[PDB]
Asks: 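Okay, handing you the structure first.
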Number of protein chains: 2
Amino acid sequence: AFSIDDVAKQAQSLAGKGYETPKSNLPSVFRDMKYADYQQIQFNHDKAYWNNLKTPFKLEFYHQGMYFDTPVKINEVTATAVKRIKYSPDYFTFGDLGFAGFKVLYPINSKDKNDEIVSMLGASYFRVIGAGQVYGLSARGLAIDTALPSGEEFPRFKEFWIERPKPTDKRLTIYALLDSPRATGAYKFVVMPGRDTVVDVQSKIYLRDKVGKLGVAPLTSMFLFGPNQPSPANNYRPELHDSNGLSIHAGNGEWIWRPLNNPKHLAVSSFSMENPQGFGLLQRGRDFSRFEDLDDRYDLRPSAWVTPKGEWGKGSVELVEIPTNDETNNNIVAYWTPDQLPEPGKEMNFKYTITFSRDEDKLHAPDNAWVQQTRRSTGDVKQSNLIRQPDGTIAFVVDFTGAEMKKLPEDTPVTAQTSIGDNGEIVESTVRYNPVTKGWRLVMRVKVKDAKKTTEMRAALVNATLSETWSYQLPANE
Amino acid sequence: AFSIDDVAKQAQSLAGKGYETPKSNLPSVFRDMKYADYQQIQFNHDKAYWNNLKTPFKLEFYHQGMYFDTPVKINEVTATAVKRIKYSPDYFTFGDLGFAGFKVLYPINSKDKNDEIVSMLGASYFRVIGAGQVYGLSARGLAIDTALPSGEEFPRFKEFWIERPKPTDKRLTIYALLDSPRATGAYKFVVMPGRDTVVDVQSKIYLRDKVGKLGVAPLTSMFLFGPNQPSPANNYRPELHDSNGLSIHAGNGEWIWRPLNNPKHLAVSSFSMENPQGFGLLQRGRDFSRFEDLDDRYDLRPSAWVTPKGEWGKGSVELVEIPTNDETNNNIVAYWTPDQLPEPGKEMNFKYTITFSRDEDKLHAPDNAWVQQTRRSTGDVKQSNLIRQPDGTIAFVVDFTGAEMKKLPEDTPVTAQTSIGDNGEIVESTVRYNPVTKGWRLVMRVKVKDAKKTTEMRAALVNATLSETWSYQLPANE
Ligand SMILES: OC[C@H]1O[C@@H](O[C@H]2[C@H](O[C@H]3[C@H](O[C@H]4[C@H](O[C@H]5[C@H](O[C@H]6[C@H](O[C@H]7[C@H](O[C@H]8[C@H](O[C@H]9[C@H](O[C@H]%10[C@H](O[C@H]%11[C@H](O[C@H]%12[C@H](O[C@H]%13[C@H](O[C@H]%14[C@H](O[C@H]%15[C@H](O[C@@H]%16[C@@H](O)[C@H](O)[C@@H](CO)O[C@H]%16O)O[C@H](CO)[C@@H](O)[C@@H]%15O)O[C@H](CO)[C@@H](O)[C@@H]%14O)O[C@H](CO)[C@@H](O)[C@@H]%13O)O[C@H](CO)[C@@H](O)[C@@H]%12O)O[C@H](CO)[C@@H](O)[C@@H]%11O)O[C@H](CO)[C@@H](O)[C@@H]%10O)O[C@H](CO)[C@@H](O)[C@@H]9O)O[C@H](CO)[C@@H](O)[C@@H]8O)O[C@H](CO)[C@@H](O)[C@@H]7O)O[C@H](CO)[C@@H](O)[C@@H]6O)O[C@H](CO)[C@@H](O)[C@@H]5O)O[C@H](CO)[C@@H](O)[C@@H]4O)O[C@H](CO)[C@@H](O)[C@@H]3O)O[C@H](CO)[C@@H](O)[C@@H]2O)[C@H](O)[C@@H](O)[C@@H]1O
Ligand SMILES: OC[C@H]1O[C@@H](O[C@H]2[C@H](O[C@H]3[C@H](O[C@H]4[C@H](O[C@H]5[C@H](O[C@H]6[C@H](O[C@H]7[C@H](O[C@H]8[C@H](O[C@H]9[C@H](O[C@H]%10[C@H](O[C@H]%11[C@H](O[C@H]%12[C@H](O[C@H]%13[C@H](O[C@H]%14[C@H](O[C@H]%15[C@H](O[C@@H]%16[C@@H](O)[C@H](O)[C@@H](CO)O[C@H]%16O)O[C@H](CO)[C@@H](O)[C@@H]%15O)O[C@H](CO)[C@@H](O)[C@@H]%14O)O[C@H](CO)[C@@H](O)[C@@H]%13O)O[C@H](CO)[C@@H](O)[C@@H]%12O)O[C@H](CO)[C@@H](O)[C@@H]%11O)O[C@H](CO)[C@@H](O)[C@@H]%10O)O[C@H](CO)[C@@H](O)[C@@H]9O)O[C@H](CO)[C@@H](O)[C@@H]8O)O[C@H](CO)[C@@H](O)[C@@H]7O)O[C@H](CO)[C@@H](O)[C@@H]6O)O[C@H](CO)[C@@H](O)[C@@H]5O)O[C@H](CO)[C@@H](O)[C@@H]4O)O[C@H](CO)[C@@H](O)[C@@H]3O)O[C@H](CO)[C@@H](O)[C@@H]2O)[C@H](O)[C@@H](O)[C@@H]1O
């Protein structure tokens with residue numbers, strides 16, 4: 001009955017007309033709120049949608065506040081009707097504005113507890129979690145001109161339709177209409193809560209005008225510090241980040257792992273390929289000892305893996321790393337950016353799944369080893385007297401692990417194929433067996449010729465390829 | 001037949017005569033050796049003592065080299081004889097000097113592998129390990145004038161007698177004669193290899209002249225950096241130390257835990273008491289993730305716990321912390337120093353056990369919680385906008401755990417009784433439940449008034465005492 005086509009015709013139609021700028025009529029008392037103040041507004045769980053039905057799903061809504069200062073329209077779809085969900089203040093306690101966004105609840109952790117699984121709130125952003133997870137990185141519907149000096153353009157999901165589920169349904173269907181100065185689109189999301197929460201996405205996109213850069217299936221995260229770039233000041237937390245790497249499964253079948261930085265200057269990195277097999281911002285390594293944060297539980301925050309359905313043609317998986325002095329800034333972005341876009345008006349179809357998981361092993365081929373961690377260190381040489389003498393190099397300790405690598409005999413003759421750009425020199429490239437992890441450790445020591453330039457390096461473990469490619473960048477002014 | 005009395009009469013007799021300075025006739029080629037060079041000398045395992053007997057014990061010997069440049073005499077005791085073990089170069093390959101010291105082998109880890117359990121080498125030092133352990137901290141027979149500006153005096157074990165074991169014996173008996181400018185002594189060690197290796201010690205000590213300070217049952221270790229005092233430079237190792245705290249079981253029954261520092265200036269700390277119940281340099285926290293060192297395995301290095309037999313009267317358990325830029329210096333010392341020593345010639349009896357273990361829980365009363373770790377951090381206040389704003393305080397995150405604490409209901413109302421010296425002010429003293437550890441976490445934030453003075457603080461968890469006392473010192477110029 002109702003389908004993506006219904007929403008695509010609105011999108012098609014919006015693309016053919018001048019963009020209408022949303023206008024805020026939000027009172028100052030709400031717009032001026034900071035996060036802590038925004039908490040004063042809570043939803044009345046007695047008024048949650050589907051409270052009268054035998055579904056484990058429920059729908060709750062956000063009030064406008066902070067920079068969430070334009071309304072979105074929300075519709076329920078039934079077998080027989082599309083019904084606007086009417087706004088009311090009586091959905092909230094505060095101790096015709098319109099909803100800011102919505103969330104979905106489901107007993108994903110405990111049978112008699114309705115826990116959040118999806119949050120759609122801000123622009124075209126959503127956050128998703130599976131069982132035992134805590135909200136971390138975000139996804140968007142679309143990105144336009146991300147990292148361009150001209151200024152990024154942020155689409156919004158301005159309207160939603162949410163199908164009322166049947167009592168036995170284990171998935172939830174959501175449609176969204178996207179509008180942005182130079183683009184519109186129609187989105188069908190099928191959400192499947194589980195150990196992982198999986199989101200099936202179909203999109204239909206239309207430019208209203210030409211753009212510098214489109215970013216398809218965007219992910220947005222945060223990296224403040226980690227063992228590859230330790231906290232400049234003492235912190236009880238060894239690490240702080242919603243993600244620690246970009247994993248790519250290339251067109252050509254190579255696995256690439258780019259550990260994240262919090263750089264001094266904006267860094268955009270393009271992995272140019274044809275027909276990407278997948279990409280994800282991953283949180284690899286979940287021992288609580290790596291984080292020690294009892295409030296935000298970064299150890300419990302998901303990885304997100306994007307899997308295209310079909311051939312996305314020629315473009316790049318692009319990473320954006322933004323300087324931040326704190327964790328409140330989303331300083332990591334990843335997307336697919338097509339090399340060539342169509343003329344305005346012409347429809348682009350993108351189909352993909354997003355998997356939100358804490359099983360990074362499952363987000364990787366079992367016959368291909370992967371980097372558990374990248375530890376930076378002062379490069380040294382142990383003297384005859386056992387004193388470790390610094391020699392001016394930087395050292396990277398890169399531990400590989402894997403479902404198949406953890407199985408290999410200790411005596412397996414593993415070596416490293418490495419490379420470095422011109423601003424750097426590899427002094428040492430050693431591989432040894434790690435009997436604690438059943439994996440293999442690479443130690444790479446490098447001299448930087450000019451600290452004021454970027455240095456890029458690559459490494460993989462081979463017998464005679466066993467591992468993904470560690471693709472590391474050492475930011476200028478590090 | 002043979003007993004400690006045999007050795008005590010030699011000791012008694014040496015104390016009544018002028019001290020004879022040992023003389024080195026070691027060739028330059030050996031004295032000039034650094035550790036790596038000293039390795040060139042290996043013992044011929046075919047010539048190990050007791051190779052002709054049905055004992056799991058074996059005895060091997062060290063060649064002189066480095067600063068091990070005076071001989072020690074070694075004797076075997078049998079039922080019928082004391083026999084000098086004759087020196088020979090044919091005990092070694094090099095690819096009448098006399099032995100430098102000896103080691104004991106035993107199948108403590110694997111049934112057909114003779115692994116080291118005891119090393120007696122250098123002055124009056126020995127190192128001991130149980131099953132699955134790697135050599136770490138040391139013990140001595142005695143310490144004299146440790147940390148005194150006049151200069152420490154180092155006794156040596158100049159002669160040893162080692163009882164030949166019966167085939168079924170699970171212990172080994174060793175006697176040693178101690179000589180030092182101003183003191184002599186006789187030592188019986190009974191070594192019991194196990195999961196822990198336990199050393200039963202009887203000593204008889206005689207001063208040849210008055211001394212500034214005697215140190216009974218000394219332990220010697222090393223602390224380079226840890227989470228309470230993180231590596232000033234990037235290191236892949238989160239921590240590096242053979243020990244991370246002094247545990248005291250006081251005369252009065254209090255448990256005290258003093259986390260170690262690598263200070264900028266010599267720090268001596270005295271815990272004055274009567275009838276100490278025990279003390280030990282402990283390595284608390286053995287996840288490999290804390291160390292990451294595959295060469296030296298600090299995670300596998302023992303704790304040593306000293307248990308007096310009898311009442312040692314009035315004195316102090318004393319800790320000495322020495323500045324070091326590297327791990328090769330033994331910059332941690334602990335001992336019992338009597339308040340009052342007898343006149344020279346008069347015999348002092350000290351009986352005690354040393355337990356070398358990796359079960360720190362077993363080195364502590366089950367009804368008393370203990371500090372798993374002390375993490376230093378920049379003190380901050382989270383703002384309304386979730387940004388953590390530094391306020392100029394230093395924060396200590398102190399996690400408690402325990403066989404009984406891990407059992408307590410989460411809702412148990414645990415609070416902290418704390419205190420600080422005059423150079424400091426406690427701004428925050430918070431206790432929360434740690435659901436990952438089943439323990440409780442203390443966060444203490446303090447302002448230092450003068451960074452150029454030492455600051456001391458104490459804290460314990462109480463219901464209405466649950467924990468040992470965390471006795472922390474913040475070194476001047478930290
Ligand atoms: O019944 C029974 C019982 O119960 C109980 O209880 C219980 C429970 O239960 C319950 C349940 O619960 C649940 C839970 O809950 C919880 C909660 O939760 C929640 C959550 O919260 C959280 C939070 O979150 C938050 C967030 O955060 C985040 C973030 O991120 C984010 C973001 O934000 C941001 C932003 O963004 C934006 C964007 O941006 C972009 C950009 O752009 C920009 C630009 O930029 C540029 C640059 O520039 C720069 C700037 O910016 C700056 O400013 C400067 C200065 O500095 O700098 C510079 O540089 O530049 C560059 C170069 O040049 C460029 O390129 C760029 O562009 O800028 C501009 C300016 O100029 C601007 O404007 C713009 O914007 O860009 C970039 C690039 O591209 C990118 O990347 C970015 O992105 O933008 C856009 C457009 O516009 C927008 O839209 C956005 O917004 O930004 C800012 C700045 O800008 C910042 O600030 C921020 O931050 O956002 C987004 C969107 O929205 C998102 O997505 C994201 O996420 O951050 C971080 C990262 O970084 C992360 O990490 C975080 O997380 O945030 C937001 C806002 O604010 C909010 O909204 C939220 O909220 O978080 C925290 C922390 O972490 C945590 O803690 C929390 O938690 O949330 C959610 C939502 O999301 C909700 O839903 C939830 O609810 O919480 C609470 C506390 O509070 C608690 O309490 C609770 O619990 O949960 C769980 C899970 O987890 C579950 O499971 C559960 O279930 O619930 C239910 C329902 O309700 C009920 O029923 C129940 O009850 O449970 C539990 C468990 O189990 C238990 O325990 C309990 O017990 C009770 O009590 C009783 O009674 C009962 O009985
Ligand atoms: O058969 C089958 C198969 O097998 C195979 O193989 C296998 C195997 O098997 C086998 C077995 O094996 C085994 C193993 O083995 C191994 C080995 O092992 C070994 C070991 O080694 C190790 C090492 O060790 C070493 C050591 O080290 C250590 C150290 O410590 C020590 C010490 O040292 C030090 C010194 O000390 C001294 C003292 O000092 C004191 C002081 O005083 C001083 C003064 O001071 C002052 C100050 O001042 C300062 C100065 O000093 C400076 O200089 C400056 C400048 O800077 O500064 C300043 O400041 O001041 C202050 C304030 O003012 C004051 O207070 C002070 O006083 O000064 C002066 C000057 O002026 C001076 O003079 C003086 O001295 O004081 C303080 C205070 O009180 C104190 O504390 C201190 O103490 O002093 C004294 C008197 O004089 C002396 O005596 C001493 O010496 O010092 C120096 C400086 O001074 C330094 O440098 C040094 O370092 O020492 C002591 C004594 O001796 C001891 O006790 C200790 O320990 O260090 C650290 C700490 O720190 C530690 O940690 C370490 O450890 O060292 C030594 C010397 O050098 C040597 O001797 C040794 O050796 O270590 C390393 C590292 O860690 C390691 O790595 C190694 O390992 O050793 C042992 C012995 O001990 C032996 O025995 C053994 O053997 O190793 C190798 C490698 O190499 C390997 O390879 C092997 O493996 O083991 C295990 C266990 O672990 C076992 O289990 C096993 O069994 O064996 C058998 C038999 O042989 C056979 O049979 C078999 O075969 O097994 C394995 C496992 O299972 C496997 O894997 C394999 O495979 C094969 O191959 C095949 O073929 C076959 O088939």
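A note on names: the letters A, B, ... follow the listed sequences, proteins ahead of strands, and every chain is numbered from 1. Quick note: numbers below take in every heavy atom, side chains included, and nothing from hydrogens, waters or symmetry partners.
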Asks: What distance separates B:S289 OG from B:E239 CD, expressed to the nearest 0.5 Å?
Replies: 8.5 Å

Asks: Does a side-chain N-to-carboxylate-O contact under 4.0 Å join B:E478 and B:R376?
Replies: yes

Asks: Looking at A:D115 and A:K113, is any side-chain nitrogen of the basic one under 4.0 Å from a carboxylate oxygen of the acidic one?
Replies: yes

Asks: Grab the two heavy atoms, one from B:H241 and one from B:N244, that are nearest each other, plus how far apart they are.
Replies: CE1-CB, 3.6 Å

Asks: Check step by step if side chain to side chain donor-acceptor pair (under 3.5 Å) holds for B:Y335 and B:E318.
Replies: CA-CA 6 Å; B:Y335 43 68; B:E318 184 157 289; 2.8 Å; yes

Asks: List the atom pairs, donor and acceptor, that lie under 3.5 Å between side-chain atoms in residues 401-411 of chain B and the rest of the protein, sequence neighbours left out.
Replies:
none

Asks: How about A:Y135 and A:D242: does a side-chain donor come under 3.5 Å of a side-chain acceptor?
Replies: no

Asks: Charged N to carboxylate O under 4.0 angstrom, A:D295 versus A:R237?
Replies: no

Asks: Parallel, tilted or perpendicular: which one describes the rings of B:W440 and B:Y433, with boundaries at 30° and 60°?
Replies: perpendicular

Asks: May I ask you to check whether B:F396 and B:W470 place their ring centres under 6.0 Å from each other?
Replies: yes

Asks: Inspect the surroundings of NZ in B:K314 and state if more than 12 heavy atoms from other residues, nucleotides or ligands are less than 6.0 Å away.
Replies: no

Asks: Looking at every non-hydrogen atom in both residues, tell me the closest pair between B:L282 and B:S247 and how far apart they are.
Replies: CD1-CB, 3.7 Å

Asks: CG/B:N275 to CG/B:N252 distance, rounded to the nearest 0.5 angstrom?
Replies: 11.0 Å

Asks: Looking only at the side chains, is there a donor atom on one of A:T220 and A:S138 sitting less than 3.5 Å from an acceptor on the other?
Replies: no

Asks: Closest approach of A:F356 and A:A304, non-hydrogen atoms and distance?
Replies: CE2-CB, 3.9 Å

Asks: Measuring from atom CG of A:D293 to atom CG of A:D299, what distance do you get when rounded to the nearest 0.5 angstrom?
Replies: 8.5 Å

Asks: Output yes when a side-chain donor or acceptor of B:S377 lies under 3.5 Å from a complementary backbone atom of B:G379, and no otherwise.
Replies: no

Asks: First locate atom CG of B:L246, then atom CZ of B:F279, and finally report the distance between them rounded to the nearest 0.5 Å.
Replies: 8.0 Å

Asks: Answer yes when B:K447 and B:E428 have at least one side-chain N-carboxylate O distance shorter than 4.0 Å, and no when they do not.
Replies: no

Asks: Less than 6.0 angstrom separating the ring centers of A:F102 and A:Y62, yes or no?
Replies: no

Asks: What's the verdict on side-chain contact (heavy atoms from CB on, under 4.5 Å) for B:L260 and B:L319, showing C-alpha distance, side-chain angles and the deciding distance?
Replies: CA-CA 9 Å; B:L260 301 178; B:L319 175 71; 3.8 Å; yes

Asks: Does this structure show an ion pair linking B:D359 with B:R195, if we count only N-O contacts that are shorter than 4.0 Å?
Replies: yes

Asks: For the pair B:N368 and B:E468, evaluate side chain to side chain donor-acceptor pair (under 3.5 Å) and give the outcome as yes or no after the intermediate values.
Replies: CA-CA 6 Å; B:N368 190 85; B:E468 68 189 359; 4.9 Å; no

Asks: Side chains of B:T374 and B:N228 only: does a donor on one sit below 3.5 Å from an acceptor on the other?
Replies: no

Asks: Is any NZ, NE, NH1 or NH2 atom of the basic residue among B:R445 and B:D391 found under 4.0 Å from an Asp or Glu carboxylate oxygen of the other?
Replies: yes

Asks: Please determine if A:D296 and A:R301 form a salt bridge, counting it only when a charged side-chain N lies under 4.0 Å from a carboxylate O.
Replies: yes

Asks: Is A:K47 positioned over the aromatic face of A:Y91, cation under 6.0 angstrom from the ring centre and no more than 45 degrees off axis?
Replies: yes

Asks: Nearest 0.5 angstrom please: A:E60 CD to A:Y49 OH, how far?
Replies: 13.5 Å

Asks: Determine, stepwise, if the pair A:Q373 / A:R290 fulfils side chain to side chain donor-acceptor pair (under 3.5 Å).
Replies: CA-CA 11 Å; A:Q373 61 180 352; A:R290 296 190 172 265; 3.0 Å; yes

Asks: For the atom pair CG (B:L240) and CG (B:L224), what is the distance rounded to the nearest 0.5 Å?
Replies: 5.5 Å

Asks: Starting from the C-alpha separation in whole Å, work towards a yes-or-no answer on side-chain contact (heavy atoms from CB on, under 4.5 Å) for A:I117 and A:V191.
Replies: CA-CA 9 Å; A:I117 60 166; A:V191 182; 4.2 Å; yes

Asks: Would you mind listing every side chain to side chain donor-acceptor pair (under 3.5 Å) that reaches into residues 417-426 of chain B, with sequence neighbours excluded?
Replies: B:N423-B:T455

Asks: Examine the side chains of B:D380 and B:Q389 and answer whether a donor and an acceptor come within less than 3.5 Å of each other.
Replies: no

Asks: Just do the side-chain contact (heavy atoms from CB on, under 4.5 Å) check on B:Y472 and B:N261 with the steps written out, would you?
Replies: CA-CA 10 Å; B:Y472 193 92; B:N261 298 309; 3.5 Å; yes

Asks: Is the count of non-hydrogen atoms from other residues, nucleotides or ligands lying under 6.0 Å from A:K58 atom NZ greater than 12?
Replies: yes

Asks: B:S231 and B:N235: which non-hydrogen atoms are nearest, and at how many Å?
Replies: OG-CB, 4.0 Å

Asks: Ring-plane angle category for B:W312 and B:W336, please: parallel below 30°, perpendicular beyond 60°, tilted otherwise.
Replies: tilted

Asks: Is it the case that the side chains of A:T324 and A:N329 hold a donor-acceptor pair, with the cut-off being a distance below 3.5 Å and no angle test?
Replies: yes

Asks: Is a side-chain donor-acceptor pair under 3.5 Å present for A:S243 with A:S221?
Replies: yes

Asks: Do B:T307 and B:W305 have side-chain atoms, one donor and one acceptor, less than 3.5 Å apart?
Replies: yes

Asks: Using 4.0 Å as the upper bound for N to carboxylate O, is an ion pair formed by B:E360 and B:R286?
Replies: yes

Asks: Are the ring centres of A:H63 and A:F94 closer than 6.0 Å?
Replies: yes

Asks: Holding to salt bridge (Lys or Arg N to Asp or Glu O under 4.0 Å), I want the full list of residues that pass it with B:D367, two or more places apart in sequence or in another chain.
Replies: none

Asks: Take atom CG in A:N44; do more than 12 heavy atoms of anything else shown fall under 6.0 Å from it?
Replies: yes

Asks: Starting from the C-alpha separation in whole Å, work towards a yes-or-no answer on side-chain contact (heavy atoms from CB on, under 4.5 Å) for B:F271 and B:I256.
Replies: CA-CA 9 Å; B:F271 303 79; B:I256 302 155; 3.8 Å; yes

Asks: How close do B:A459 and B:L442 get, counting heavy atoms only, and between which atoms?
Replies: CB-CD2, 3.7 Å

Asks: A:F99 vs A:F61 aromatic rings, parallel, tilted or perpendicular, using cut-offs 30° and 60°?
Replies: parallel

Asks: If we ignore angles and hydrogens, is there a donor and acceptor under 3.5 Å between the side chains of B:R258 and B:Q473?
Replies: yes

